[PDB]
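To start, the structure under review is shown below, and the notes come after it.
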Amino acid sequence: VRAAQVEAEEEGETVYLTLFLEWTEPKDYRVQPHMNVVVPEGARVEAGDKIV
Amino acid sequence: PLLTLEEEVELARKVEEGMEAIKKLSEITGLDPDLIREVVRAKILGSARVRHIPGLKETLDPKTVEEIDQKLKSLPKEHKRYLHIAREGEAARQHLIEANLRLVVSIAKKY
DNA sequence: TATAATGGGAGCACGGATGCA
C-alpha cells in the first residue's frame with residue numbers, strides 16, 4: 001500500500017494523520033480444463049467485464 | 001503429438017466459433033457461406049493448394065480468393081474480427097484432424 | 001450421430017551392369 005495524500009492535524013502532544021491510501025487486494029480464481037481465459041496478462045478490467 | 005483435454009476443448013471451441021464466425025460473415029457481407037469458408041481455408045492452407053469445389057457456383061482461383069479476401073478485409077474492425085476468428089478456426093480444424101490420426105489406424109486395424 | 005477408445009503384422013546360380021568404398 002502507498003499513501004497518496006497526507007493531511008495532518010496538530011492536537012496536544014500528538015498529530016492525527018488522515019491518509020488517502022491506494023492498494024491492491026488479490027483474489028484467486030481456479031480455472032477448469034473446459035474453461036478459457038478471455039483476458040491478457042496485466043490487463044485492466046472493470047465491473048461486469050468477463051475474465052474467464 | 002497427441003492433445004490433452006484442454007487442447008482438445010480449445011481446438012474444438014475454435015472450430016465451432018470459427019464456423020459461427022463464417023455464418024456471421026455470411027450475414028454481413030451477403031455472400032455464400034461455402035465460398036467464404038473455402039476462401040478462408042484457401043488462405044490457411046496457403047499457396048500450396050487451390051482447387052475448384054463442385055459445390056461452389058463460381059470457380060476457385062487465386063484471383064477470386066484475393067478478391068474475396070480483400071473484400072473481407074475491407075470490413076470494419078468489429079466485422080473484421082470474425083475473419084481472424086474464422087482463420088484461427090480453420091487452423092484449429094487442421095490441427096484437430098492431424099492430432100487424431102492414430103485413432104483411425106487403431107480402428108482400421110480390426111477391419 | 002455422442003462413456004472412452006489414439007503407431008500393423010507377417011515371413012540355386014550365374015551373368016552383366018552399376019554403385020560404392
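Chain lettering (A, B, ...) mirrors the order of the C-alpha cells, residue numbering begins at 1 for each chain separately, and ligand numbering begins at 1 in order of display.
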
### Query
Hey, what's within 8 Å of segment 4-16 of chain C if we count only C-alpha atoms (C1' of nucleotides) and toss same-chain stuff fewer than 4 positions away? As an MDAnalysis selection string, please?
chainID B and resid 2 100:106 109

Let's have the selection written as a PDB file, in the first residue's frame, with N, CA, C and O atoms.
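Contents of part25.pdb, freshly written:
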ATOM      1  N   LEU B   2      -0.075 -36.175 -29.437  1.00  0.00           N
ATOM      2  CA  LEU B   2      -1.470 -36.251 -29.017  1.00  0.00           C
ATOM      3  C   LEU B   2      -1.848 -35.080 -28.118  1.00  0.00           C
ATOM      4  O   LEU B   2      -1.039 -34.609 -27.317  1.00  0.00           O
ATOM      5  N   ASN B 100      -5.685 -36.551 -34.338  1.00  0.00           N
ATOM      6  CA  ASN B 100      -6.438 -37.781 -34.090  1.00  0.00           C
ATOM      7  C   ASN B 100      -6.162 -38.946 -35.045  1.00  0.00           C
ATOM      8  O   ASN B 100      -6.832 -39.975 -34.974  1.00  0.00           O
ATOM      9  N   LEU B 101      -5.190 -38.780 -35.938  1.00  0.00           N
ATOM     10  CA  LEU B 101      -4.916 -39.775 -36.981  1.00  0.00           C
ATOM     11  C   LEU B 101      -4.596 -41.191 -36.479  1.00  0.00           C
ATOM     12  O   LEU B 101      -4.762 -42.164 -37.218  1.00  0.00           O
ATOM     13  N   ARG B 102      -4.140 -41.304 -35.233  1.00  0.00           N
ATOM     14  CA  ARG B 102      -3.806 -42.605 -34.649  1.00  0.00           C
ATOM     15  C   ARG B 102      -5.055 -43.451 -34.399  1.00  0.00           C
ATOM     16  O   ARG B 102      -5.052 -44.669 -34.611  1.00  0.00           O
ATOM     17  N   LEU B 103      -6.114 -42.793 -33.936  1.00  0.00           N
ATOM     18  CA  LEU B 103      -7.381 -43.453 -33.644  1.00  0.00           C
ATOM     19  C   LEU B 103      -7.912 -44.171 -34.876  1.00  0.00           C
ATOM     20  O   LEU B 103      -8.383 -45.308 -34.790  1.00  0.00           O
ATOM     21  N   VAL B 104      -7.823 -43.501 -36.021  1.00  0.00           N
ATOM     22  CA  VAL B 104      -8.262 -44.070 -37.288  1.00  0.00           C
ATOM     23  C   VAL B 104      -7.532 -45.377 -37.589  1.00  0.00           C
ATOM     24  O   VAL B 104      -8.145 -46.354 -38.014  1.00  0.00           O
ATOM     25  N   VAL B 105      -6.224 -45.390 -37.359  1.00  0.00           N
ATOM     26  CA  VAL B 105      -5.418 -46.585 -37.579  1.00  0.00           C
ATOM     27  C   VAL B 105      -5.812 -47.707 -36.619  1.00  0.00           C
ATOM     28  O   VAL B 105      -5.995 -48.857 -37.031  1.00  0.00           O
ATOM     29  N   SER B 106      -5.954 -47.363 -35.341  1.00  0.00           N
ATOM     30  CA  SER B 106      -6.325 -48.346 -34.325  1.00  0.00           C
ATOM     31  C   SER B 106      -7.713 -48.946 -34.573  1.00  0.00           C
ATOM     32  O   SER B 106      -7.988 -50.077 -34.171  1.00  0.00           O
ATOM     33  N   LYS B 109      -7.332 -51.271 -38.005  1.00  0.00           N
ATOM     34  CA  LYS B 109      -6.542 -52.493 -37.868  1.00  0.00           C
ATOM     35  C   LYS B 109      -7.418 -53.711 -37.578  1.00  0.00           C
ATOM     36  O   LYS B 109      -6.999 -54.851 -37.783  1.00  0.00           O
TER      37      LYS B 109
END

### Message
Applying 7 Å and only C-alpha atoms (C1' of nucleotides), which residues near segment 17-30 of chain B remain after dropping the ones on its own chain fewer than 3 positions away? List them as an MDAnalysis selection string.
### Response
chainID B and resid 13:14 33 36:37 82 85:86 89:90

Counting only C-alpha atoms, which residues of chain B fall within 12 Å of chain A, and what is the closest atom pair for each with its distance in Å at one decimal, ordered by chain and rising number, as a Markdown table?
| residue | atom | partner | partner_atom | distance |
| --- | --- | --- | --- | --- |
| B:4 | CA | A:33 | CA | 9.4 |
| B:5 | CA | A:33 | CA | 6.6 |
| B:6 | CA | A:33 | CA | 4.9 |
| B:7 | CA | A:33 | CA | 8.7 |
| B:8 | CA | A:34 | CA | 9.5 |
| B:9 | CA | A:34 | CA | 6.4 |
| B:10 | CA | A:36 | CA | 7.8 |
| B:11 | CA | A:36 | CA | 11.4 |
| B:12 | CA | A:34 | CA | 10.8 |
| B:13 | CA | A:36 | CA | 9.6 |
| B:14 | CA | A:36 | CA | 11.0 |

Output file for the residues above (C-alpha atoms, as a short mmCIF file (atom, residue, chain, number, x, y, z; two decimals), in the first residue's frame):
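For reference, again-v1.cif as written:
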data_model
loop_
_atom_site.label_atom_id
_atom_site.label_comp_id
_atom_site.auth_asym_id
_atom_site.auth_seq_id
_atom_site.Cartn_x
_atom_site.Cartn_y
_atom_site.Cartn_z
CA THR B 4 -4.67 -33.03 -23.91
CA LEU B 5 -8.16 -32.28 -22.60
CA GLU B 6 -7.60 -28.51 -22.56
CA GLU B 7 -6.01 -28.58 -26.03
CA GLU B 8 -8.83 -30.70 -27.44
CA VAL B 9 -11.52 -28.44 -25.99
CA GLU B 10 -9.54 -25.43 -27.23
CA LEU B 11 -9.33 -26.61 -30.83
CA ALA B 12 -12.96 -27.76 -30.81
CA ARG B 13 -14.05 -24.38 -29.45
CA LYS B 14 -12.04 -22.51 -32.07
#

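Nearest to chain C of all the residues B:34, B:40, B:93, B:3 is B:3, based on only C-alpha atoms (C1' of nucleotides).
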
## Note on the structure
Students should find that atom CA of residue 48 of chain B and atom CA of residue 98 of chain B are spaced 17.4 Å

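Comparing B:73, B:63, B:79, B:95 by their smallest distance to residue 42 of chain B, the closest is B:63 (using only C-alpha atoms).
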